[PDB]
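Student: structure for this input, please:
(9 chains, ligands or ions: 2)
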Amino acid sequence: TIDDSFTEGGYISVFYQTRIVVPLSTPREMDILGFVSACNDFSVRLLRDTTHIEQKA
Amino acid sequence: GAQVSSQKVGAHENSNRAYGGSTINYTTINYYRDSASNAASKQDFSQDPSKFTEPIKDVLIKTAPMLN
Amino acid sequence: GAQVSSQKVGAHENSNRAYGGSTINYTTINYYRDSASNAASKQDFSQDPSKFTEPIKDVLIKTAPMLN
Amino acid sequence: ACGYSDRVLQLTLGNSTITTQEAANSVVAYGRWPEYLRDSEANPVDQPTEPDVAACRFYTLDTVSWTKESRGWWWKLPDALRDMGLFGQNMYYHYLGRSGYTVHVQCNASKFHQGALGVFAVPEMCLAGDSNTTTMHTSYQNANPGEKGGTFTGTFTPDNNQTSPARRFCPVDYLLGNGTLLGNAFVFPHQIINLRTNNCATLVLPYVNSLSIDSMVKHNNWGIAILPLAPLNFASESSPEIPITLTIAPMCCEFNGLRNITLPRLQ
Amino acid sequence: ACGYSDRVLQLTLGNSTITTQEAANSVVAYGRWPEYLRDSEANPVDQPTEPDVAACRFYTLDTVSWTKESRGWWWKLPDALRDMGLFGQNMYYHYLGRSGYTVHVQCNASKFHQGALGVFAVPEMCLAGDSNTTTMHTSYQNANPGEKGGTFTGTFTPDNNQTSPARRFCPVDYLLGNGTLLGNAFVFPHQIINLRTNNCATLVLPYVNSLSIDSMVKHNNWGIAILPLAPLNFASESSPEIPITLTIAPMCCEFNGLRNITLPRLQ
Amino acid sequence: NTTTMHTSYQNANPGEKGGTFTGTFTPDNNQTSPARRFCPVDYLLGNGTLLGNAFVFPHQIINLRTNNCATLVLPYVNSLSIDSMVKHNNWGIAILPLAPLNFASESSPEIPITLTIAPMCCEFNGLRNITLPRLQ
Amino acid sequence: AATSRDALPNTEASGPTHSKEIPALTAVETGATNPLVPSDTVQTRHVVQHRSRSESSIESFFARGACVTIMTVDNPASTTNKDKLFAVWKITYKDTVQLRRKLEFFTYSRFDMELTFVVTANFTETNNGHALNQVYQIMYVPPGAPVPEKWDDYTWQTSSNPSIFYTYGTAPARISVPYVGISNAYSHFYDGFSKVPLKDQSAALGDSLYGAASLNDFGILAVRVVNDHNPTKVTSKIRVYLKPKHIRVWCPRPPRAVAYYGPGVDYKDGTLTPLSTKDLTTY
Amino acid sequence: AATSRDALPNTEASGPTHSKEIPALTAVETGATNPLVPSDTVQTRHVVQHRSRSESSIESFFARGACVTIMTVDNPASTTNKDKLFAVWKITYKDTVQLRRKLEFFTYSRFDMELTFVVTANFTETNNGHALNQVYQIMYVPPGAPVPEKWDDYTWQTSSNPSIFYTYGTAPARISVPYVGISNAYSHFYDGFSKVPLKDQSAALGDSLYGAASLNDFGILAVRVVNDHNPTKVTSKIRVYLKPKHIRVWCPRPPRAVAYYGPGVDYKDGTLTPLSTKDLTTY
Amino acid sequence: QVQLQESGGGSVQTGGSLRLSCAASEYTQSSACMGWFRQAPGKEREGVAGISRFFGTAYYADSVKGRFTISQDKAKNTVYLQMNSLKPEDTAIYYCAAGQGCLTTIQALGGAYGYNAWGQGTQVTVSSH
Ligand SMILES: CCCCCCCCCCCCCCCC(=O)O
Ligand SMILES: CCCCCCCCCCCCCCCC(=O)O
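Tutor: Numbering: from 1, shown residues only, chains lettered A, B, ... in the order given. Ligands and ions are numbered 1, 2, ... in the order given. The relevant structure is shown in the block below.
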């Protein structure tokens, strides 16, 4: 679950194949949304406390 | 009134005339009258995530077009 | 869900109407659900050292010449 | 064969019918269709009120406008229907009640317009308040704006008027006004009105609470959150606008503990 | 019923998948699917190299640009894949080899753009040279430009540098660079990327030669010719541009006569 | 003797030329730009364990009298089914003269040694772009 | 019939394809997540899976106790000016954070609570006097019952209030309580209030807190040192740990992203920055 | 079907011989050890063997706990200048030596670890003040979880980290943990690194330690005295003992001959002298 | 990651004091010895200072001992670097360096090898203006 070399996962990358093409009277720039999820064969183990939450004093 | 359950064996002892192979089971005995007192059985069930993943009224055929 | 095993009797008590002779066994009961919690059965198995001693492709006949 | 499509739909509840040609199918929250209260699950003893078609039909709220600077919009149920014909009347006169709803948000544009709108149904949409001095400090009036609903903001503004505080919500958009990233919002039953593909979003929500029936006057079971995921742009203009409209319909509407009229202070 | 269409397609070779929505079906050259070398047809004795997914997957070449003044574009196989991961490596180390390919050219525009592109697969695409002094005079380097491929011209230009000739091809477009009218080009397995209808052209080519296997280093079995049949125009602009991209995948890739690395002089 | 597990990737993996063992430990005292290599003492089989027990590993002895070669078949051995061969070596090949090399009565004899290796049941996954490691 | 510890489906061999079946392309606007496996997009091998979701079942995820509060009591001298300290604490999961957020992954839940009581004690005055082992009585005072006012009043008699008698130096105290909710499940988020402000009523008479209800009022825990006044003062802290066993949950919610601020959903200024810095074109 | 405690084969009677069967002569260069018995070279009698290899089975050889580390924590006065001491220790078998070498007879191993916790405590300042029995919480912080910075920070709340609450003066603490390796077995020797230094990358960006990997990162153990600041300081040490039960091993290696020097295989100068003096012609 | 965000680029003269700090608030397997690396555009990147996460294992480069010291706040979480009596030879871009699993800075003691999270970089010039 940590950032580690031995257990590195790889790289994800998006590139233009052609390019975005629009006619006239059409917004030349647009956006894209991205989603990520697990597949039916995804599993996790070793329960630990998260670090994305904390109480100061 | 003992409750004998199985153990999904992980690491195996070089044994199969006691441990290792031949189905290793455990015993549990409820000592209290109230269910609230019992320990967690941990023998739970799974389901299909659909009710969260495919909460769509119409059947989703992954190979077909989502929109048709 | 008890696990009753035998004891290889070493020293013998001048007894055979209780101890000594008539097969002395012991009981074991698994109290936990996880195999990791169990005690060591110690009822293990032996093998043939060959995979270390005679890791040779061709069969070694001790009475014959090693090199032939 | 006959040309049946998931984009083209028509739903009918009572004397009201909705029709569309650019749908993206239809969502049934948690896979559960709305239903009447079962005997095995019941609790109030009195014979219940089932208004049927009277209350259970489509109801159109007040239309809002989508522009480049809008941060989002919100509504609660039943709240957003408090003054809708019979249902509301039936709400104000009975101590308890339950209901499901088919929410249909409308918003079409052009094949030359772009943008994506996240329509999220959040059960127990308890929003965040505006004060850094006092918690859970939003008053009933400000909590329940009714049919007009409310909006989200892009910047938190703590009320510093300690003399007569505002006592309202200050729901930050990216934290989906609840202190949780909007990104995970997809955990809730939802749809996306992405102009390219669709002009509407239809969600069917069953009655959800910790109990069979509750006081709809005191408690909102479902929230309706609509936030632009992608921005609204058209051609090359600077300030485009496209209207958004919500029509809501109760389903399996029932009420108990009939009594005298409730006259709440809404302002 | 389920909405299955010949325009919407997805092909998968290895760890690579191509997807499209504006296809015009798919062409299988001469009706023959690529295959491995049969025992009844075999000739080299050594046990062959079948790289599989290693070599047999989609490979994207360098994108070129389509404009009003482009005369056409060309590539040869295997040549155009000589430096593509494993396949190329496997090509350079073995004396012989055979392979089929699924060529997929990409080029989408708008419903406001027009033009037609002829994608022709020409087995044994022996192009014409540039000299009027010496025949079959094009050098290996100029013959095989690899992945970048080459282009066609609208005017024949004979090289008059007799001191150090250019030794290249000068393929006239209308004569499909071979001395034969482009019009008949349709005799070869082909497709047309007519902007209105389609954004891509997919052709499946089996291994074609006069023999079961050959030295891919010395000989190209298939050529890829892409020429605008209709001109590229958009709205009313003067210099429009639309990119064209080719992704190629070997199929049933096999090689024999493994030996030391071949280091050809490419320049 | 200053830093442990300090040998760099380059020095660890000499490739085909391989490396050698030494009869005397020499600690690098260049603290400015250390050598970062191995210093494998022969009698400790470069690992801190007597060469004598080396026979616990699958092995053979090229005793000139009898044999001219040694052939060993090694299966894939790791803590897992497959691993990154670029990052990790599964097997090592150690060749040490147990008895000394002598010929007739000459002072400096020489005899060549050659190793030919063949992979077996070779398989790979996770195909991607070329790895260009820094070997020097 | 699929248990928590059963193996997930094996991934099967799949070769090349080129047709009209479209796995890769869908539409998320519909609200449905494409249920693809590797074989749909890539060529895979036959693989006998062995891993199971044994460790992520609701039961297993909450199969742990968490410090919910830290209570403070003492036993000073008889000559003291300030009265002996007895602690009172309302039973909630929302004083701490860790446990709260876990609970907050969901909207509703049913569980039987197991409580443990670790007790610590220490001397405070730099002296050389002595203390005799202490006994602590932790009484549970449900809403409605009389809450102690003195360390020595009539309440600590406990005729019907559950009370624990813990001797110091022994196994921490542990009890069990069933699902005690007034609702059919414990609600973690309430979108409402308790009272309805009516038109013909004073605003004051009609106000209530947002998200506050009885759904969550479980009374208080009262504790004292049973020992009578000791010459040299001794301080003590009871750490309570809650484990929700035999648990069931409903309606997933996104996890708290900004640090909590009160028992509600409210957040403060300058805490609203959970994500760090990261450029779009770098790994 | 031969168990660990079964009798080894009996040695049988054998008389004189003179033929062409050659037991005594072989060739070790082949890599095979001649499997001879006494009867092959000498004339023996019929002997019913009774001894068994019961005590040398892998299980039995490791059927013992070994001190792996010694942790140090304290509870000083409130007036102190230096902060109360809490110990953090990364879980490894390689701080000590005895256990390590045993493990090192092999290249790989699978086992479930049983840990015990013997706790000692003592006064340090020559005074006459007093302390009240201590409780120690040993929390297991797996890689990724927040590691305490203070003896009193939010981490010690333990919502999902396994933690032990040990009262001083009672049975030492003991837990069990399954085979937790990221690999299919725990690797004792790794012939590699973690990162691959690439050509188009800075040497700094590509370096890693030789033989170092995640295969061995199990997080840390954190411990403190639960008791609040006491007037007179008290020192304490937790000795951890590891027993690898239910053990399996692979690939025998020669045992460490030179004293260890770091977690690797490295050795230092002047330690490389394991064998003493002994003349070739003397018994 | 951890958070590593550094600042402190003051071009002081030869013989002045300068303070460098790097954030390490989030607690992953936290920066053990930590790490400070300077890249002189004439030379390259090199290791300099480092004190163990918990322990007092502070390594000092030959060139900076005594003058340069490392210390941090085991609570406020930020790593300080007192650099006094600055020579003109120390003009380089500094960087903080998280070495996770403490053993990463116990085995090798010094950083460099066991370092996964890289800092931003602050330009420090020590000149004769
Ligand atoms: C003497 C023992 C005490 C017995 C009484 C315990 C009182 C029951 C309180 C249970 C509810 C705790 C609140 C957390 C539930 C939630 O997360 O909503
Ligand atoms: C609170 C109890 C702690 C529970 C977590 C224990 C962590 C598992 C660590 C096991 C590995 C120990 C390292 C020795 C193994 C080896 O010899 O390679």
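Student: ok, stretch G:201-212 near ligand 1 or not?
Tutor: No - against ligand 1, stretch G:201-212 shows no contacts by C-beta under 6 Å from any ligand atom, the least distance being 12.6 Å. (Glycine included, C-beta is placed from N, CA and C.)
Student: now do the end-to-end distance for that stretch.
Tutor: End-to-end distance of stretch G:201-212 (C-alpha to C-alpha, to the nearest Å): 21 Å.
Student: looking at chain I, which residue is nearest chain D?
Tutor: residue I:26 (17.3 Å; C-beta to the nearest C-beta).
Student: pull the contacting residues for that residue.
Tutor: A:51, I:1, I:2, I:3 (C-beta atoms under 8 Å, 6 or more residues apart in numbering or on different chains).
Student: now, which of these sits nearest residue E:83?
Tutor: Among the contacts of residue I:26, residue I:1 lies closest to residue E:83 (C-beta to C-beta), at 37.3 Å.
Student: mind checking the SS state of residue G:59?
Tutor: helix (DSSP: H, G, I helix; E, B strand; the rest coil).
Student: do the same with residue D:253
Tutor: Per three-state DSSP, residue D:253 ends up strand.
Student: contacting residues around it?
Tutor: By C-beta under 8 Å, 6+ apart, the neighbours of residue D:253 are D:50, D:51, D:52, D:55, D:56, D:87, D:90, D:97, D:98, D:99.
Student: gap between the fourth one and residue I:7?
Tutor: Going from residue D:55 to residue I:7 by C-beta to C-beta, to the nearest Å gives 63 Å.
Student: kindly report the same for the fifth one.
Tutor: Relative to residue I:7, residue D:56 is positioned 63 Å away (C-beta to C-beta).
Student: neighbour count: those two, which is higher?
Tutor: residue D:56 (25 against 12; other C-beta atoms under 10 Å in any protein chain shown).
Student: quick one: that one and residue D:13 touch, right?
Tutor: Yes - counting by C-beta atoms under 8 Å, residue D:56 does reach residue D:13; the two are 5.9 Å apart.
Student: who touches both of the two?
Tutor: Contacts common to residue D:56 and residue D:13, judged by C-beta under 8 Å, 6+ apart, are D:249, D:251.
Student: give me the three-state assignment for the residue in chain I positioned nearest to chain H.
Tutor: The nearest approach of chain I to chain H comes at residue I:27, 4.4 Å away (C-beta to the nearest C-beta). Using three-state DSSP, the structure places residue I:27 in coil.
Student: what sits closest to it if chain neighbours are left out?
Tutor: Spatial nearest neighbour of residue I:27, chain neighbours left out: residue H:146 (4.4 Å); criterion: C-beta to C-beta, 6 or more residues apart in numbering or on different chains.
Student: for that neighbour, what are its contacts?
Tutor: A:49, A:51, A:54, H:154, H:155, I:27.
Student: how many neighbouring residues does the closest residue to chain C within the stretch 101-250 of chain G have?
Tutor: Proximity of the stretch 101-250 of chain G to chain C (C-beta to the nearest C-beta) peaks at residue G:245, 13.6 Å away. Counted with other C-beta under 10 Å, the neighbours of residue G:245 add up to 20.
Student: wait, residue B:20 touches residue B:9, no?
Tutor: Yes - Residue B:20 sits in contact with residue B:9 when judged by C-beta under 8 Å, with a separation of 7.2 Å.
Student: mind giving me the ChimeraX select for the contacts of residue H:146, buried ones only?
Tutor: Only the buried members of the contacts of residue H:146 enter the following ChimeraX selection, criterion being 16 or more other C-beta atoms under 10 Å in any protein chain shown:
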select /A:49,51,54 /H:154,155 /I:27
